[PDB]
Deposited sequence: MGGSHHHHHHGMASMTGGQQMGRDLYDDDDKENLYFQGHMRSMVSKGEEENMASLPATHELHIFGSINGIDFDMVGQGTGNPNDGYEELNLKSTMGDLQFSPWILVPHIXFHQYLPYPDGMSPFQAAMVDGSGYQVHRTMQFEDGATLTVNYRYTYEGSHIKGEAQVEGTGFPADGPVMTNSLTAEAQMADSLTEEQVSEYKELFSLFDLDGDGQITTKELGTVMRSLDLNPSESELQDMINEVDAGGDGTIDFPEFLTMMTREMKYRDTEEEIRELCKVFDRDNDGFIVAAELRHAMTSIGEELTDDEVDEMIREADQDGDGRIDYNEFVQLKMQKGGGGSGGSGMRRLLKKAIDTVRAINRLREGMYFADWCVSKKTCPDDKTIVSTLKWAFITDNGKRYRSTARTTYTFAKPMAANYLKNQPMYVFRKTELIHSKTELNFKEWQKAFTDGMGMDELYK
């Protein structure tokens, strides 16, 4: 029947550098959690150990309504083989092939890897991928102030706690329409304390966290569309005023002009997207005010992108015939320098035995996953979490 422990022999080459790793792990067939330890049998890793992620056992994955095809095919002994190709933003490719054997509740996996065309000075070969960038948790006194100011705007009474009702109030002034229950979900995500509210430290964590799919620049570039009410690509006095009024702030004509000249870095009279990104990225009364309006939008949004758990990677699985599942995902690692390094994957599962009827009817499935890696030169500790969801309207949209 179902698995409890596993091992992995993963080997092959990355840009013609051979590697070989073995180790033992465990996991839970009821919630899809796994953990694995691996060690090199063949020297120090000469490339980012992160390229082995996510490749380093869907037999641990349950479906909403019972076993997944992956478990069913373990339980009855009939098995599946796996082929995965992953294409990287910089032109590299990686192929992995997998074969499994079962002895009761223990899985032995064999994974053969081939990656090529990683640029010699890119993040893979120069060991620059990471869990969390350099910069992380480093704050100037100015950033600490801005964050305290931003907290104040949310903490309406001044009691040092956010709470659902205040987040509602602020979000309403911004012309948003969250339900009680959505407010509940937003707070819960960010409330490590468990007291059903958001204090400054939890808030500063939410503001500082590196999101898997956006770097800070990309996040700010996104917010531009919001300030630019008519989508001309410029942000004008009338638009600065609309923005300032929703954060309860006034502005004379002089105050507005100052705000423009402050962001205006080519003297034209207009604020474009590049200039708007620059003002936020920098390092006077009016500067500070604008940055706060920008960050208010960033905050709301970070609060929304936590609830529909979108720091997870989302896979789309379909069944083209009764012995095949095809899964696709978009993937991102964090670099040292604070960037995202991106790729797409396609994985094909070949089953020996025709999949049961329910699986061929309930397609696509969406599977959300989170991984973690800690590594040395010779040794990795890996963890994965997984949850499967059925199709619904606009699932196929969380996925994109």
Can you give me the gaps, meaning deposited-sequence stretches with no C-alpha coordinates, in sequence order?
1 to 53, 110, 338 to 344
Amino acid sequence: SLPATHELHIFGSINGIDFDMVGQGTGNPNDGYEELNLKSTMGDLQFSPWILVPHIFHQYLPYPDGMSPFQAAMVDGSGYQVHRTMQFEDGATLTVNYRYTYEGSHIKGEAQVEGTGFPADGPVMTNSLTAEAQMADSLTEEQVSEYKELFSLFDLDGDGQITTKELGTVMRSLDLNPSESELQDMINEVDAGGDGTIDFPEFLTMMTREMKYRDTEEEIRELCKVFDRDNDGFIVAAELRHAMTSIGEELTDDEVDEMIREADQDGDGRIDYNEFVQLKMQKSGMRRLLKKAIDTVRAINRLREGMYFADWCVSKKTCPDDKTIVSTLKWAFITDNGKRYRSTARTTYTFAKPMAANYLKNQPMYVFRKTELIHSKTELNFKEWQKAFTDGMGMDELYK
From here on, numbers count along this sequence of modelled residues.
Selected stretch [higher average CA B-factor]: 326 to 334 or 261 to 269
261 to 269
Which has higher Cα B-factors on average according to the PDB entry: 111 to 119 or 241 to 249?
241 to 249
When you compare the CA B-factors of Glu202, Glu103, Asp295, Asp90 as listed in the entry, which one comes out on top?
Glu103
For the C-alpha B-factor as written in the entry, point me to the maximum among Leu94, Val277, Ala73, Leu129.
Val277
Please place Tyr63 in the lowest, middle or highest third of its chain according to the CA B-factor in the PDB entry.
highest
Which third of the chain does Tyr213 land in by C-alpha B-factor: lowest, middle or highest?
highest
In terms of the CA temperature factor given in the entry, to which third of its chain does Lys225 belong: lowest, middle or highest?
highest
Could you look up the Cα B-factor of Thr347 in the entry and say which third of the chain it sits in: lowest, middle or highest?
lowest
Sorting the chain's modelled residues by C-alpha B-factor, tell me whether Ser48 ends up in the lowest, middle or highest third.
lowest
